[PDB]
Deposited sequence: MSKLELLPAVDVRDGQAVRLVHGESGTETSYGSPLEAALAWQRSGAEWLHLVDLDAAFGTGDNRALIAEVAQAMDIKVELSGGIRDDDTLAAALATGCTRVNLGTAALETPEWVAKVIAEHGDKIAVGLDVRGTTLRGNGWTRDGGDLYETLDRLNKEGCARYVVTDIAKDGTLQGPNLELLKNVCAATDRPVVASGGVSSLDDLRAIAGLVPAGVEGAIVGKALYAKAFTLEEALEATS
């Protein structure tokens, strides 16, 4: 009912909250403590925290115990992402008590494992799509790929519960195009730099956009979180 869910992002690298300029590595501005950042969002009345291990995502280590400490400090819903590519990483992630995780690279690299874990865990699992035109991209040490529509079809039929959609080339055309291809909720990720952008995304709620992950803007003080919560309904 007109209400866009808002998920403030805490992206973790080398034990810090950082800025990830585009779909890229090493362009990281550091925003200090991830735990303090997440507590700031919660304090400001966030319903969600989108929490990300960039080291696990990029294969330069991990922040698994730090992410676990941030997750434990939250009284709110937590969506966890980043390098979740096998049973042991998935088990640790779900043990945080998080509301859901995002699988991304795993959907491109081990479709059968994603199929299996969707079957086992239901809507604790969402799949991220990083779209360059109609082509999908991942973080593997080997440049993976896939067709957008073939992948949506497979995941649709696998009972996949939710997609997180990123433009890797807001891309409201891309969001609407993904909404056309599925009856499952779509979460927008990236591109929000103004409240204009949020209302633009919220206009797609009836098409099947459920929420928007917001990072850069909140850290750079483009708007307050309270202002964001107002603007999304």
The deposited sequence goes unmodelled at 170-176
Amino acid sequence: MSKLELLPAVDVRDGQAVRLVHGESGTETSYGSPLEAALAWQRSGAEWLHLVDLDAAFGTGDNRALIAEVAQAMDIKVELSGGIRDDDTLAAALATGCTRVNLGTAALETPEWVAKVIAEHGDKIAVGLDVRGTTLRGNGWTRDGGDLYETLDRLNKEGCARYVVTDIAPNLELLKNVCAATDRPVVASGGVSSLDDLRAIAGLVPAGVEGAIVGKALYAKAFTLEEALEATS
From here on, numbers count along this sequence of modelled residues.
Of the two stretches 224-232 and 4-12, which shows the higher Cα B-factor on average in the entry?
-> 224-232
Got a sec? Mean C-alpha B-factor, which is higher, 106-114 or 140-148?
-> 140-148
Residue 198: which third of its chain by C-alpha temperature factor?
-> highest
Place residue 59 in the lowest, middle or highest third of its chain's C-alpha B-factors, as listed in the PDB entry.
-> lowest
Residue 75's Cα B-factor: lowest, middle or highest third of the chain?
-> middle
Would you mind checking where the Cα B-factor of residue 53 ranks among the modelled residues of its chain, as the lowest, middle or highest third?
-> lowest
Grab the CA temperature factor for residue 33 from the record and place it in the lowest, middle or highest third of its chain.
-> lowest
